[PDB]
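Participant:
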Amino acid sequence: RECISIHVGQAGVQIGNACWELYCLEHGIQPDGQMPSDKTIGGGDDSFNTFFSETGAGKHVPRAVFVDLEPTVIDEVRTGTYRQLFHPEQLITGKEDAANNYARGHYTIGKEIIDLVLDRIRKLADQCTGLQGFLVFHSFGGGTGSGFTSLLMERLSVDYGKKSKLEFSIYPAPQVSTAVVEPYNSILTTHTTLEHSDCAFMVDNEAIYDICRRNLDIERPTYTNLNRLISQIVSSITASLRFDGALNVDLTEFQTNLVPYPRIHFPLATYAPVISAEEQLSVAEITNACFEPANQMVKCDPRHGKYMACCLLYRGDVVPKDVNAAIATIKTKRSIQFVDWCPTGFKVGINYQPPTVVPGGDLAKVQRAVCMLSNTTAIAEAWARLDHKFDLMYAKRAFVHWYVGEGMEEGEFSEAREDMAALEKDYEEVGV
Amino acid sequence: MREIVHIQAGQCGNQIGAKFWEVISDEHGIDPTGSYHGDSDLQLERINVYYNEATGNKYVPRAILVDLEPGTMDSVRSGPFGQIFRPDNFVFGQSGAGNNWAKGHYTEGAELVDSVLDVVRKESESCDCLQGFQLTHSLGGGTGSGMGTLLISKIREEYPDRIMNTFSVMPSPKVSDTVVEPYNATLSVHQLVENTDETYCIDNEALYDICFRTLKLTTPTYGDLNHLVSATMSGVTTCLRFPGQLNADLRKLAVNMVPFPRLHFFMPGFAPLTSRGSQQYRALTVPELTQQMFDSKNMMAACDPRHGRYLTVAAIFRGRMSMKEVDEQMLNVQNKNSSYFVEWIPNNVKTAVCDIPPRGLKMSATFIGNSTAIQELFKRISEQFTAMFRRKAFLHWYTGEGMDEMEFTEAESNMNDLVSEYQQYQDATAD
Amino acid sequence: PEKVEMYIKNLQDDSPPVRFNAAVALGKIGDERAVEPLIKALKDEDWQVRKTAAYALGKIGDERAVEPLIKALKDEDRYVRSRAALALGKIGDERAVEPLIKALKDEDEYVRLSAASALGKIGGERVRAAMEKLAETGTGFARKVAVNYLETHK
Ligand SMILES: Nc1nc2c(ncn2[C@@H]2O[C@H](COP(=O)(O)OP(=O)(O)OP(=O)(O)O)[C@@H](O)[C@H]2O)c(=O)[nH]1
Ligand SMILES: Nc1nc2c(ncn2[C@@H]2O[C@H](COP(=O)(O)OP(=O)(O)O)[C@@H](O)[C@H]2O)c(=O)[nH]1
Ligand SMILES: [Mg+2]
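Chains as they are written, first to last, in PDB author numbering: chain E, 2 to 279, 284 to 437; chain F, 1 to 44, 47 to 360, 369 to 441; chain I, 13 to 166.
#1: Would you tell me roughly how many angstroms separate the C-alpha atoms of residue 111 of chain F and residue 16 of chain F, rounded to the nearest one?
#2: Mind checking residue 261 of chain F: buried by the 16 CB within 10 Å criterion, or exposed?
#3: Out of E:210, E:197 and E:166, point me to the one whose CA is closest to residue 174 of chain E's CA.
#4: Kindly give me the distance between the Cβ atoms of residue 67 of chain I and residue 46 of chain E, rounded to whole angstroms, as I take these residues to be in contact under 8 Å.
#5: So, does the CB of residue 261 of chain F fall closer than 8 Å to a CB anywhere in chain E?
#6: Closer than 8 Å is the cut-off here; do at least three beta carbon pairs connect the stretch 370-384 of chain E with the stretch 252-263 of chain E?
#7: Identify the continuous alpha helix (DSSP H) that holds residue 76 of chain E and give its terminal residues.
#8: Between the stretch 239-254 of chain E and the stretch 324-333 of chain E, can you find at least three pairs of beta-carbon atoms closer than 8 Å?
#9: Who pairs with residue 269 of chain E in a beta bridge, going by DSSP?
#10: Out of F:50, F:191 and F:195, which has the shortest C-alpha to C-alpha gap to residue 130 of chain F?
#11: Nearest-angstrom Cα distance between residue 107 of chain I and residue 36 of chain I?
#12: Strictly under 8 Å for the Cβ-Cβ distance: is residue 325 of chain E near chain I by that measure?
#13: Alpha carbon to alpha carbon, how far is residue 229 of chain F from residue 221 of chain F? Give it in angstroms, no decimals.
#14: Return the chain-ordered ranges of every beta strand (DSSP E) run that is complete within the stretch 284-346 of chain E and spans a minimum of 3 residues.
#15: Ligand 5 and residue 224 of chain E: does the residue's C-beta get closer than 7 Å to at least one heavy atom of that ligand?
#16: In whole angstroms, what separates the C-alpha of residue 159 of chain I from that of residue 147 of chain I?
#17: May I ask which residues mark the beginning and end of the beta strand (DSSP E) holding residue 200 of chain F?
#18: My output table needs one value for residue 448 of chain F: the three-state DSSP class, helix, strand or coil.
#19: By Cβ distance below 7 Å, which residues in the same chain neighbour residue 31 of chain F in space, the five residues on each side in sequence not counted?
#20: Residues of the stretch 301-325 of chain E in Cβ contact with chain I at a cutoff of 9 Å, in chain order, please.
#21: I need the straight-line Cα distance from residue 315 of chain F to residue 252 of chain E, nearest angstrom please.
#22: Considering only residues of the same chain and omitting the five flanking positions on each side of residue 412 of chain E, which have a CB-CB separation below 7 Å?
#23: 8 Å is my cut-off, CB to CB: does residue 495 of chain F come that close to chain E?
#24: Give me the Cα-Cα distance between residue 227 of chain F and residue 115 of chain F, rounded to the nearest whole angstrom.
#25: Taking Cβ positions only, does residue 104 of chain I come closer than 8 Å to chain E?
#26: Should residue 145 of chain E be listed as close to ligand 3, given that the test is whether its C-beta is under 7 Å from any heavy atom?
#27: Any C-beta of chain F sitting closer than 8 Å to the C-beta of residue 97 of chain E?
#28: If we require 4 or more residues per run, which alpha helix (DSSP H) segments fall completely within the stretch 54-124 of chain F?
#29: Anything in the stretch 403-417 of chain E with a Cβ closer than 7 Å to a Cβ of chain F? List those residues in chain order, please.
#30: Would you kindly work out how many angstroms separate the C-alpha atoms of residue 71 of chain E and residue 98 of chain E, rounded to a whole number?
#31: Does the Cβ of residue 465 of chain E lie closer than 7 Å to at least one heavy atom of ligand 1?
#32: When burial is assigned at 16 or more other CB atoms within 10 Å of the CB, is residue 181 of chain F buried or exposed?
#33: Spatial neighbours of residue 344 of chain E within its chain, please: CB distance less than 6 Å, with the 5 preceding and 5 following residues excluded, ordered by chain position.
#34: Along the chain, where does the alpha helix (DSSP H) that runs through residue 147 of chain I open and close?
#35: Expressed to the nearest angstrom, what Euclidean distance is found between the alpha-carbon atoms of residue 280 of chain E and residue 300 of chain E?
#36: Between residue 108 of chain F and residue 411 of chain F, which are expected to be in contact by the criterion C-beta below 8 Å, what is the C-beta distance as a whole number of angstroms?
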């Protein structure tokens, strides 16, 4: 019946307020939490209460927590347009950040704040009749995004066992890249979180930067441009959980349908249409575009891999017959290779609520949209890119002294890489 | 990671240190009485890094002014921004080191050091979250070198969790005709290799060459050299002073720039290089700025970048310019020069664009490089030292001031080791 | 008034998202003319149209909707059943007390809860009598709802 959202570090926090901006707009909630009869969504039945608690006033408060080891990013939330929406105890900040060092976010600095964060989550969990689990937002490359998330994921497994933990991860890019050591932090977080996450949706900063330049025509896309797009995709993924829809309703339906092997839990999300506000696309067109590598959240070639799962989540002006017709052409016309032991079944969901766009945002308002979730072998390409970068620096032990001096053992680097090697072999072997 | 505590030691330290304050105070919109008289909101956003908000609307530099020569005290206070410094923060002796390292590190300097540590303790307390320390000094003298490195060691032992960064000016026969300078420089480099996290190598040989060969300054003064230093210190600390992502704090910059703890000596650079008051002419483009970043003639340390490989590079562009232009020009410079960049350090060249340009310039570029070619700088000092130390010439001036000959041998060993280390990574392949 | 005729003809329309959007609209405005067409949409082919017609009929309140909503508590779709139960709770007609009590033994948690909430909203005297009888001769969840109602009512 309820989900808690945890936003860790700069990326996670900044994405969280872009997500929450869209959630409010989608469910007809004002920045103060009020949902008045003029702004109420209309068509009765609403399951947004999985993400928003209701105060005695009639104020809808996000079941969200924002954590950063420095105050800069959350101060913007506290002074922003949504200052009124969240309660002060939900927004947690330190003084000294993790300085793009995993060991600071996991050990030294992270250990100082872990206990408070847990009590702040406990305040939210205590307001849930039947808490399903957590949605964790963070970067791979920041010291807090990598280090503190893995430390928190570890502690949430102990403190909340039979509770799902689905991630939204900021995969690094050389374009928006504030650190050299991001490959180290990425391998370290993925190693320690692997046994604690149930599902992980990666967002490759290079893909969104490419999408903004190609589809939205932004010359040099900023964090503002990327985030409006991330939140559009993320909303389409989480829509199942906030709406009275049939496919991927609870966090368990999401795990059951999308993940057949436990370690191999990284679904690749695609989204169409991503149009700049500057021409109407049909169900056939938007379904077809899901199978185009250009429109993917993560850079990878699905024609080089095998699928284990394939879900299509449509929203807006989407007719059942048109969806069936579109799927039928994709089965007969495309070269979509599935693994032997799993059936070639496209799980389809349709929500007739029109797409909600960001006012003042770079995205145009479309009649229909689609978010495809594919569990493909091709995502091992994202791991390989990262693993090679890691190997280059690690062989000469460059920057390692920064980690060993911050409560970490050098062997945890070799142990981490070994887990990545196994993960890469697993994707290879599963795709025969 | 907010506040930065500044310490300036000796003649050079106080001269170059005062020019740094004069320049960044003007940038942050501060007059010599400490009142903010600017227009941009961005000028005061990260003001708490280098200034304390003493009293009302007034700003104070978090600066500690040290020298064993008391003459320096009046020079600073009678200067342009002399009235903004805390009167209690001036710690001055009545003697002088007479360009003896042993006099600043053990005798006269060690007497005054505790009084300085009292002042640094005072400033560290009115600090919400101290980032670290920044020392402005000369390696060629006695005070800045000996007392300055005693201070570094004393601060390192007191504040070990804090970053220790320096702006060390390298001696040159072209600038100073003092004979024992290689001893003072070698003995200081030995301290810096162990007790600093980041050292900006400001070579007086490169400063002279830029003025003589390019600026056409017939016989430059220290005022001409210090114009290059103040402009460099202004550009290298830009990230720390204005709101930004890349290398915002001392630790975040240290993480990106330092792969190995001993290889923390940076070759700074600036573009455009304008002579002191030479009427602003010809507006540079992003490609002209990017080209002047790599150009050996624009380096503040006397080393050819083409004689080594870059381990890490931090580029800072200032002013109103296209982000597409900077991204385009920094990508070409790396591909069309792949051979001069270490292959085993992915994405080692980090770019930054700050919309506030420096005084008198509509656009500028600052370069911070961790190039293996900086071994040329240390080799020059070692050669200079060896000629003298072989004969054990003028060693009595140091050993008489409570120093040992093994200290000279240890300094020489460490500096030769550092050069060998730079060579190993220059020859290192990804394979 | 001028737009009420439009959405009533969109409720008939071929396109399922258009039929859904017509039912969402007639609940947002809520005119007495929309009662009988929304009653027909309770028997729609699509569950997303049926559940929002049910939510619309509960908001408007018209007594003519009480009978089709009673039959809607037996709809194959869990969301349609929950929305029909809640609609009957909004209307508050005592004819719904016994069909809502039968919904207390539904396989879906939301439907059971929605039936419990609806009964509490009607809270007449026939509800009370049925709660008294269920508190003594009742089992599990259905017994808890009878016992909770009589303790929330001194
Ligand atoms: N798309 C996106 N990426 C971001 C954003 N902010 C930072 N990043 C990326 O995330 C990585 C840096 O990690 P951060 O999230 O900033 O770091 P952090 O979690 O705050 O940790 P510390 O820096 O150690 O305090 C780089 O890949 C950045 O480009 C954002 O709002 N959106
Ligand atoms: N660029 C520059 N170098 C200086 C300045 N003053 C002294 N030096 C150099 O610093 C060295 C001497 O150090 P100095 O500061 O005079 O000695 P101290 O007072 O004992 O620290 C020589 O190599 C000088 O060339 C100055 O203002 N600018
Ligand atoms: Mg941060």
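Cβ atoms here follow ideal geometry from the backbone N, Cα and C, with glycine treated the same way.
Facilitator: On the basis of the data shown:
#1: Counting from 1 along the second sequence, the entry for residue 111 of chain F is found at position 109. Counting from 1 along the second sequence, the entry for residue 16 of chain F is found at position 16. For residue 111 of chain F and residue 16 of chain F, the distance between alpha carbons rounds to 20 Å.
#2: Counting from 1 along the second sequence, the entry for residue 261 of chain F is found at position 259. Residue 261 of chain F is buried by the Cβ-count criterion.
#3: Numbered from its first residue, the first sequence carries residue 174 of chain E at position 173. Residue E:210 is the option with its Cα nearest to residue 174 of chain E.
#4: Start at 1 with the first residue of the third sequence, and residue 67 of chain I comes out as number 55. Start at 1 with the first residue of the first sequence, and residue 46 of chain E comes out as number 45. Rounded, the Cβ-Cβ distance is 6 Å, consistent with contact.
#5: Against the second sequence, residue 261 of chain F aligns to sequence position 259. At least one chain E Cβ lies under 8 Å of residue 261 of chain F.
#6: yes
#7: Counting from one through the first sequence, the residue named residue 76 of chain E turns up at place 75. Where residue 76 of chain E is concerned, the enclosing alpha helix (DSSP H) stretches over 73-80.
#8: no
#9: To locate residue 269 of chain E, count along the first sequence from 1; it is residue 268. E:379, per the DSSP bridge assignment.
#10: Within the second sequence, numbered from 1, the residue matching residue 130 of chain F stands at position 128. Minimum Cα distance to residue 130 of chain F is reached at F:50.
#11: By 1-based counting over the third sequence, the position of residue 107 of chain I is 95. By 1-based counting over the third sequence, the position of residue 36 of chain I is 24. Cα to Cα, residue 107 of chain I sits roughly 26 Å from residue 36 of chain I.
#12: Position 320 of the first sequence, counted from the start, is the residue given in the question as residue 325 of chain E. For residue 325 of chain E, the answer is yes, since a Cβ of chain I falls inside 8 Å of its Cβ.
#13: The count along the second sequence starts at 1 and reaches residue 221 of chain F at position 219. The count along the second sequence starts at 1 and reaches residue 229 of chain F at position 227. Straight-line Cα distance between these residues: approximately 15 Å.
#14: 312-321
#15: Among the ligands present in this structure, namely ligand 1, ligand 2 and ligand 3, ligand 5 is not found.
#16: For the purposes of this step, residue 159 of chain I is identified with residue 147 of the third sequence, where counting begins at 1. For the purposes of this step, residue 147 of chain I is identified with residue 135 of the third sequence, where counting begins at 1. One C-alpha to the other measures close to 5 Å.
#17: Taking the second sequence and counting its residues from 1, one reaches residue 200 of chain F at position 198. Per DSSP, residue 200 of chain F belongs to the beta strand (DSSP E) from 200-205.
#18: Shown here, chain F extends from 1 to 441; a query on residue 448 of chain F therefore has no answer.
#19: Working through the second sequence from its first residue, we reach residue 31 of chain F at position 31. Counting only Cβ-Cβ distances below 7 Å, and skipping sequence neighbours, we find 37.
#20: 321, 322, 323, 324 and 325
#21: Translated into positions along the second sequence, residue 315 of chain F becomes position 313. Translated into positions along the first sequence, residue 252 of chain E becomes position 251. Taking the straight line joining both Cα atoms gives about 45 Å.
#22: Translated into positions along the first sequence, residue 412 of chain E becomes position 407. The residues are 104, 108 and 109.
#23: Only positions 1 to 441 of chain F appear in this structure, which leaves residue 495 of chain F out of reach.
#24: Position 225 of the second sequence, counting from 1, holds the residue named residue 227 of chain F. Position 113 of the second sequence, counting from 1, holds the residue named residue 115 of chain F. Those two C-alpha atoms are separated by around 29 Å.
#25: Position 92 of the third sequence, counted from the start, is the residue given in the question as residue 104 of chain I. For residue 104 of chain I, the answer is no, since every Cβ of chain E falls outside 8 Å of its Cβ.
#26: Along the first sequence, read from residue 1 onward, the residue named residue 145 of chain E stands at position 144. Yes, since a heavy atom of ligand 3 falls inside the 7 Å radius drawn around the Cβ of residue 145 of chain E.
#27: Here the question's residue 97 of chain E lines up with position 96 in the first sequence. Chain F contact via Cβ: present.
#28: 73-79 and 103-107
#29: 403, 404, 406 and 407
#30: Along the first sequence, one-based indexing puts residue 71 of chain E at 70. Along the first sequence, one-based indexing puts residue 98 of chain E at 97. The alpha-carbon atoms of residue 71 of chain E and residue 98 of chain E are separated by roughly 5 Å.
#31: Past the boundaries of the shown model lies residue 465 of chain E; chain E is included only from 2 to 437, so the question cannot be answered.
#32: Numbered from its first residue, the second sequence carries residue 181 of chain F at position 179. Residue 181 of chain F should be labelled exposed.
#33: Within the first sequence, residue 344 of chain E is the residue found at index 339, counting from 1. 311 and 313, listed in sequence order.
#34: Taking the third sequence and counting its residues from 1, the one referred to as residue 147 of chain I is at position 135. 138-148 is the span of the alpha helix (DSSP H), which, as asked, contains residue 147 of chain I.
#35: Gap note for chain E: numbering proceeds from 279 to 284 with nothing in between, so residue 280 of chain E has no coordinates.
#36: In the second sequence, the residue the question calls residue 108 of chain F occupies position 106. In the second sequence, the residue the question calls residue 411 of chain F occupies position 401. Right, their Cβ atoms sit about 6 Å apart.
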